[PDB]
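Have a look at the structure below, then the notes.
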Amino acid sequence: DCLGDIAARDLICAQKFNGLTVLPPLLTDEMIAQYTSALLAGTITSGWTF
Amino acid sequence: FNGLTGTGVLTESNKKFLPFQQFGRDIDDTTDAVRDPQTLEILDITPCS
Ligand SMILES: *[C@@H]1O[C@H](CO)[C@@H](O[C@@H]2O[C@H](CO)[C@@H](O)[C@H](O)[C@H]2NC(C)=O)[C@H](O)[C@H]1NC(C)=O
Ligand SMILES: *[C@@H]1O[C@H](CO)[C@@H](O[C@@H]2O[C@H](CO)[C@@H](O)[C@H](O)[C@H]2NC(C)=O)[C@H](O)[C@H]1NC(C)=O
């Protein structure tokens, strides 16, 4: 029944009949992007001091 | 359905079955669509939670 974006609604239908499920990761990709941006800004502005 | 058993939610679908084909199948040998023997309509099968 279509696929809205990647994980917009998805009907929570990662299930496939005979007991086989896929679990979502703890950290969404936005948090990882924020982590990388923080590390990169820190290394540009402060060097290795931070 | 005509000797084909299972369990799940039946819903209306928009598949295009050939005139002689009876039931569809996924890429993992699982059924996903069935012809209704009395009235020729395509029913999709989705497992309940
Ligand atoms: C759980 O199922 C219900 C079904 O009632 C979903 O409700 C849908 O909500 C969206 C957003 O408002 C509507 O556009 C749909 O029309 C609703 N469904 C129906 C059948 O009316 C609900 O979104 C589902 N929850 C999740 C997390 O997928
Ligand atoms: C098998 O199912 C019924 C058995 O009577 C028939 O199909 C319906 O028949 C009624 C009246 O007998 C009609 O009003 C409906 O319009 C029919 N439905 C369809 C989908 O044609 C008929 O004998 C057989 N139907 C089919 C499709 O083979």
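Those protein sequences? They're chains B and A, same order as listed.
The opening residue of the first sequence carries number 836 in the entry's author numbering; numbering runs sequentially from there.
The opening residue of the second sequence carries number 540 in the entry's author numbering; numbering runs sequentially from there.
Built from N, CA and C at the ideal position, the CB exists for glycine as well.
Cutoff 7 Å; reference residue i; Cβ partners in own chain excluding five residues on either side
| i | result |
| --- | --- |
| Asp836/B | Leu846 |
Any non-hydrogen atom of ligand 2 within 7 Å of residue i CB
| i | result |
| --- | --- |
| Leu579/A | yes |
Residues bridged to residue i [DSSP beta-bridge criterion]
| i | result |
| --- | --- |
| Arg844/B | Partner(s): none; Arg844/B has no beta bridge. |
| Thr550/A | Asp583/A |
| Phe562/A | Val573/A |
Closer than 7 Å: residue i CB and nearest ligand 1 heavy atom
| i | result |
| --- | --- |
| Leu858/B | no |
| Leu874/B | no |
| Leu838/B | no |
| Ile847/B | yes |
| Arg564/A | no |
Contacting residues, own chain, Cβ-Cβ under 8 Å from residue i (five flanking each side not counted)
| i | result |
| --- | --- |
| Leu838/B | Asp845 |
| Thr570/A | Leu543, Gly545, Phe562, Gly563, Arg564, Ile584 |
Beta-carbon proximity list for residue i, same chain, < 6 Å, skipping 5 on both sides
| i | result |
| --- | --- |
| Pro576/A | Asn541 |
| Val573/A | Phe540, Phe562, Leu582 |
Are there three or more Cβ pairs, one per stretch, closer than 8 Å when the segment 555–569 of chain A is compared with the segment 864–880 of chain B? no
Just to confirm the assignment: which complete beta strand (DSSP E) runs, minimum length 3, are found wholly within the segment 836–882 of chain B? none
Is there contact here, the segment 857–877 of chain B with the segment 563–570 of chain A, by at least three beta-carbon pairs under 8 Å? no
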